[PDB]
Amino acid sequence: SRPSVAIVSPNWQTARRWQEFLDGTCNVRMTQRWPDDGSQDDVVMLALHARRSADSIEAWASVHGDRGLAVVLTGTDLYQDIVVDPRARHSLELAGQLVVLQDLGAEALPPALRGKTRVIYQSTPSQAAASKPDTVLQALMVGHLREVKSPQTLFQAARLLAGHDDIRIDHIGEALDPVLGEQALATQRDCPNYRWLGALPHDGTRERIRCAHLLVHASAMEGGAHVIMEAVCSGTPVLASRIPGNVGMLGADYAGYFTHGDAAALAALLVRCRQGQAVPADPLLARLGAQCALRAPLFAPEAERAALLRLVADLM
């Protein structure tokens, strides 16, 4: 009496968020491998992480072709796995529909794959803006220490700013690359205003996003950073590396980009934002705030719910 939908994945994460969106009208179940026990009636498969879920994508195609099959793509899929893992790339060719997370994710793809790609922004409930002090600027960057996140840009910005005792930098992220972890420790040793907080639970990170004056996201590539959505929907504006995955989140006209790898430009934007605290002496910080507020409707849960049900309907 209800269509059976399988979500293949290895409350805020996509598999659970999408299961809750779909739970009203479909029989949804998350599963790690598709041909499982309750598979006999499935009409739709929504597969996350093509590389780890390729066997389940290929199992589906052997039974259905691309009928009812969609694959969701992140930055790891777009710029690493589909140019390196031939089974991962072939999952994209098996898919009926491909999903990217912001309106530039499709330009990373060849024309034959682009023509079956649609955009579905992630969503999160909005959070009321926190009160924040005007005697210091507190910046925050979030992401496990891997080279693709470019934490070395933030390390160098902290050093350039060591003469600015009214600017602070907090840094959340597990030290998955121990060399980058040592550099976090060295930066903290040499720059008292820089703090590496290590691996934090999701709820603590979400609250520190809300409490910071700004989020810095410096990555070399992105499929659509979850933490930029969280910041935008919490009243915390962003300083972002000017890469397609960030522009898709924040907009071609956004005033808060810096050239990727350019630690001097990041530091200078930090000094400018400090100068926005109070009639503010520098208008940039307020401008970033107003622009992010205009981006926030893109991440409303109701928009993603509606887009997901449209996808499932298209696939039935």
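Numbering starts at 1 and runs along the sequence shown.
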query	finding
Chain break class at residue 63/residue 64 - deposited residues not modelled	none
Interval residue 10-residue 11, deposited residues with no coordinates in the entry (none, 1 to 3, 4 to 9, 10 or more)	4 to 9
Higher-scoring stretch by recorded Cα B factor average, 227-235 or 73-81	73-81
Mean C-alpha temperature factor, higher of 11-19 and 297-305	11-19
Highest-ranked of 261, 35, 251, 256 once sorted by CA temperature factor in the record	35
Selection by C-alpha B-factor (highest) of 279, 288, 46, 271	279
Assigned third (lowest, middle, highest) for the C-alpha B factor of residue 50	highest
Chain third (lowest, middle, highest) by recorded CA B-factor, residue given as residue 267	lowest
Entry-reported Cα temperature factor of residue 188, expressed as the chain third it lands in	lowest
Chain-relative CA temperature factor third for residue 241	lowest
Within-chain third of residue 163 by Cα B-factor, per the entry	highest
